[PDB]
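Below, in structure tokens: the form deposited in one PDB entry, a single chain.
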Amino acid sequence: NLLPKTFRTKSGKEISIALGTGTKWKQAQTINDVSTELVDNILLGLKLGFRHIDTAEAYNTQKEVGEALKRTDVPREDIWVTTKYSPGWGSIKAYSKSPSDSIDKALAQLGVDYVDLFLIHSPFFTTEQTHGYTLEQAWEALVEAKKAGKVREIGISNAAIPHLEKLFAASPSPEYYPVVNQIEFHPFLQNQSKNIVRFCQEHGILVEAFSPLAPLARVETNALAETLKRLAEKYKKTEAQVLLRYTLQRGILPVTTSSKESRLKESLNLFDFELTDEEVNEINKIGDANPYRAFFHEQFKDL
């Protein structure tokens, strides 16, 4: 009952909150080394109950996800795998020669016959970074991969409204529209660019939130701390569980990470309580009065 648009694994299970394999876990690209540390983390999340893994070309953790998928007792068909074509950032250019090579590279490193969700990592690139590809051309690659069956569902990350419109226009039909936009979202940044959440939800695009624990993990002072403590006390939950439940009640799918078994287990235990509309609104209000953006500050400056 939480998500306005949602999906199922190939075996027909609910897409759960996503275990991230980016941020603190990411690696230099030229590494072929598996980080046993990360593999064990992914296996642990799967045992605890995660059924959604988020990775990306740029994190160079597709190989660790692939190793976990081989070693885990959970059927692959019961898992949702999200990955991303990474076009480059500042000095760094795209690791792959083309978006289409990126997808084939994801299948190979993950050791899967299909990806559930394949996103363009960001719309903030030039064709110099991508070795010759525009946003529309990258979108064509994803559309071809969906038509082939390499990828089940297609979307983008960090897209503002004008980027979504360009995708709609580059789609051959409605069946090929983006259906996910993964953005930074938490109470101090409830709209990564103007009106993004509402726009996505009104056009059938599932919003995913990365850095949903930013108030706990990223900021030096958390203006929500008293509110989250009060609600924590009330529900007998942690302040992290409160934030992740809040995100889900806003209709948004959280992508979160932790290296600690207890926090992973807790991240999953969100379905035995429910914030009130007023508690959700309390968090909305305090959050909007204390803006904080963790990522892509120059890119969003005028968006």
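A residue's number is simply how far along the shown sequence it sits, counting from 1. Take the two forms, superpose them, and find the largest set of C-alpha atoms that agree within 1.5 Å; that set is the rigid core.
This protein has a second form, the form deposited in another entry, left out of what is shown; the following refers to that one.
Q: Which listed residue (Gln27, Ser35, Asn269, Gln249) has a Cα shift of at least 2 Å between this form and the one not shown, rigid core superposed?
A: Flagged residue: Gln27.
Q: Classify the change in Cα distance between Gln27 and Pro99 in the other form as closer or farther, relative to the shown form (magnitude of 3 Å or more).
A: Residues separate in the other form, at least 3 Å farther apart.
Q: Since the CA distance of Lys24 and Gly66 differs by 3 Å or more in the other form, is it closer or farther than in the form displayed?
A: Nearer in the other form, by 3 Å or more.
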